[PDB]
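This report refers to the structure that appears directly beneath it.
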Amino acid sequence: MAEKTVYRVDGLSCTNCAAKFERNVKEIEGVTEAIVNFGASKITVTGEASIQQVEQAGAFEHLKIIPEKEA
(Lines give C-alpha, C1' and ligand atoms only; values in the text may rest on other atoms or scores of the structure.)
Protein backbone atom coordinates (compact mmCIF):
# COMPACT_ATOMS: atom_id res chain seq x y z
CA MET A 1 0.00 0.00 0.00
CA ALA A 2 2.38 2.69 1.36
CA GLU A 3 3.61 1.37 4.68
CA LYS A 4 4.08 4.33 6.98
CA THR A 5 3.81 3.42 10.69
CA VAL A 6 4.69 5.06 13.95
CA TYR A 7 5.62 3.26 17.17
CA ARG A 8 6.25 4.61 20.72
CA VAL A 9 9.78 4.27 22.13
CA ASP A 10 10.69 4.66 25.82
CA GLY A 11 13.76 4.68 28.14
CA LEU A 12 16.40 6.95 26.57
CA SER A 13 16.78 10.76 26.42
CA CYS A 14 19.73 11.86 24.21
CA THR A 15 19.87 13.79 20.90
CA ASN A 16 23.08 11.96 19.89
CA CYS A 17 21.23 8.66 20.28
CA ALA A 18 18.27 10.09 18.33
CA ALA A 19 20.69 11.03 15.53
CA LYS A 20 22.43 7.64 15.61
CA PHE A 21 18.99 5.99 15.61
CA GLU A 22 17.46 7.83 12.63
CA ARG A 23 20.73 7.21 10.78
CA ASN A 24 20.69 3.49 11.77
CA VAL A 25 17.15 3.32 10.31
CA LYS A 26 18.15 5.29 7.17
CA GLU A 27 21.04 2.82 6.62
CA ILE A 28 18.42 -0.03 6.35
CA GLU A 29 17.44 -0.63 2.68
CA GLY A 30 13.81 -1.69 3.34
CA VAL A 31 12.73 1.74 4.64
CA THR A 32 12.38 4.91 2.51
CA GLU A 33 11.94 7.55 5.23
CA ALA A 34 11.95 7.55 9.05
CA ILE A 35 11.30 10.35 11.57
CA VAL A 36 12.49 9.69 15.14
CA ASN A 37 11.00 11.89 17.90
CA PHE A 38 13.24 10.56 20.67
CA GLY A 39 13.20 12.06 24.19
CA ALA A 40 9.72 11.01 25.36
CA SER A 41 7.73 10.09 22.23
CA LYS A 42 7.85 8.01 19.09
CA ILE A 43 9.51 6.69 15.92
CA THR A 44 7.89 6.92 12.46
CA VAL A 45 9.06 4.49 9.76
CA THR A 46 7.97 4.87 6.13
CA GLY A 47 8.82 2.68 3.24
CA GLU A 48 8.39 -1.10 3.42
CA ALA A 49 9.98 -1.99 6.80
CA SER A 50 8.84 -2.68 10.40
CA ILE A 51 10.22 -1.62 13.79
CA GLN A 52 11.86 -5.09 14.22
CA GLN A 53 14.95 -3.94 12.28
CA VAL A 54 15.00 -0.52 14.05
CA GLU A 55 14.48 -2.36 17.38
CA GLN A 56 17.48 -4.59 16.54
CA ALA A 57 19.49 -1.43 15.72
CA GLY A 58 18.42 -0.01 19.12
CA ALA A 59 20.22 -2.93 20.82
CA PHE A 60 22.98 -0.31 21.31
CA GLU A 61 20.85 1.02 24.25
CA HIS A 62 18.25 -1.83 24.51
CA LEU A 63 15.25 0.40 23.70
CA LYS A 64 11.72 -1.02 23.92
CA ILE A 65 9.49 0.21 21.09
CA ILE A 66 5.77 -0.60 21.37
CA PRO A 67 3.46 -0.26 18.33
CA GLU A 68 1.13 2.66 19.16
CA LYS A 69 -1.65 0.59 17.55
CA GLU A 70 -4.75 2.77 17.41
CA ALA A 71 -7.84 0.73 18.47
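We name chains A, B, ... following the order of the C-alpha coordinates; residues begin at 1 in each chain, and ligands are numbered from 1 as shown.
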
All residues 10 Å or closer to range 3-16 of chain A, only C-alpha atoms, same chain fewer than 2 positions away omitted, as number ranges by chain: A: 1, 18-21, 31-51, 55, 61-69

What are the DSSP strand (DSSP E) residues of chain A, as a list in words?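 Result set for chain A (strand (DSSP E)): residues 3, 4, 5, 6, 7, 8, 9, 10, 31, 32, 33, 34, 35, 36, 37, 42, 43, 44, 45, 46, 47, 64, 65 and 66 of chain A.
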
Check chain A with DSSP on the backbone and list each residue it calls alpha helix (DSSP H), as an MDAnalysis selection string. chainID A and resid 15:26 51:57

Could you dump the residues just selected with N, CA and C atoms as an mmCIF file, in the first residue's frame?
```cif
data_model
loop_
_atom_site.group_PDB
_atom_site.id
_atom_site.type_symbol
_atom_site.label_atom_id
_atom_site.label_comp_id
_atom_site.auth_asym_id
_atom_site.auth_seq_id
_atom_site.Cartn_x
_atom_site.Cartn_y
_atom_site.Cartn_z
ATOM 1 N N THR A 15 19.851 13.363 22.288
ATOM 2 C CA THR A 15 19.872 13.794 20.899
ATOM 3 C C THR A 15 20.864 12.980 20.065
ATOM 4 N N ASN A 16 22.067 12.731 20.591
ATOM 5 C CA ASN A 16 23.079 11.959 19.887
ATOM 6 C C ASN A 16 22.527 10.582 19.532
ATOM 7 N N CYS A 17 21.838 9.959 20.492
ATOM 8 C CA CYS A 17 21.231 8.656 20.283
ATOM 9 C C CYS A 17 20.100 8.764 19.274
ATOM 10 N N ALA A 18 19.268 9.807 19.362
ATOM 11 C CA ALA A 18 18.270 10.093 18.332
ATOM 12 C C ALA A 18 18.909 10.095 16.944
ATOM 13 N N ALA A 19 19.998 10.851 16.801
ATOM 14 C CA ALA A 19 20.691 11.030 15.531
ATOM 15 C C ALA A 19 21.197 9.679 15.024
ATOM 16 N N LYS A 20 21.933 8.977 15.889
ATOM 17 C CA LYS A 20 22.428 7.642 15.606
ATOM 18 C C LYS A 20 21.278 6.715 15.213
ATOM 19 N N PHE A 21 20.129 6.836 15.879
ATOM 20 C CA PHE A 21 18.987 5.987 15.611
ATOM 21 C C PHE A 21 18.406 6.271 14.229
ATOM 22 N N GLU A 22 18.028 7.525 13.935
ATOM 23 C CA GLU A 22 17.457 7.830 12.626
ATOM 24 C C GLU A 22 18.411 7.394 11.519
ATOM 25 N N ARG A 23 19.709 7.638 11.715
ATOM 26 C CA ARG A 23 20.733 7.205 10.784
ATOM 27 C C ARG A 23 20.715 5.682 10.654
ATOM 28 N N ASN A 24 20.772 4.951 11.774
ATOM 29 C CA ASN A 24 20.686 3.492 11.770
ATOM 30 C C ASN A 24 19.515 3.059 10.893
ATOM 31 N N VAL A 25 18.330 3.640 11.112
ATOM 32 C CA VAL A 25 17.153 3.321 10.311
ATOM 33 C C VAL A 25 17.398 3.639 8.833
ATOM 34 N N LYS A 26 17.839 4.855 8.521
ATOM 35 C CA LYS A 26 18.150 5.288 7.168
ATOM 36 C C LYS A 26 19.119 4.337 6.454
ATOM 37 N N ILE A 51 9.337 -2.004 12.708
ATOM 38 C CA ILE A 51 10.218 -1.621 13.792
ATOM 39 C C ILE A 51 11.266 -2.683 14.079
ATOM 40 N N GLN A 52 10.948 -3.973 13.964
ATOM 41 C CA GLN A 52 11.858 -5.091 14.220
ATOM 42 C C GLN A 52 13.326 -4.787 13.879
ATOM 43 N N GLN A 53 13.576 -4.260 12.679
ATOM 44 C CA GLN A 53 14.946 -3.936 12.282
ATOM 45 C C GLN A 53 15.517 -2.748 13.079
ATOM 46 N N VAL A 54 14.695 -1.720 13.276
ATOM 47 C CA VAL A 54 14.998 -0.521 14.048
ATOM 48 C C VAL A 54 15.286 -0.896 15.514
ATOM 49 N N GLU A 55 14.412 -1.725 16.083
ATOM 50 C CA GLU A 55 14.478 -2.357 17.384
ATOM 51 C C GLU A 55 15.831 -3.059 17.526
ATOM 52 N N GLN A 56 16.171 -3.944 16.578
ATOM 53 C CA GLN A 56 17.478 -4.590 16.540
ATOM 54 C C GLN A 56 18.590 -3.540 16.599
ATOM 55 N N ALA A 57 18.556 -2.544 15.708
ATOM 56 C CA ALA A 57 19.493 -1.427 15.721
ATOM 57 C C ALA A 57 19.613 -0.815 17.123
#
```
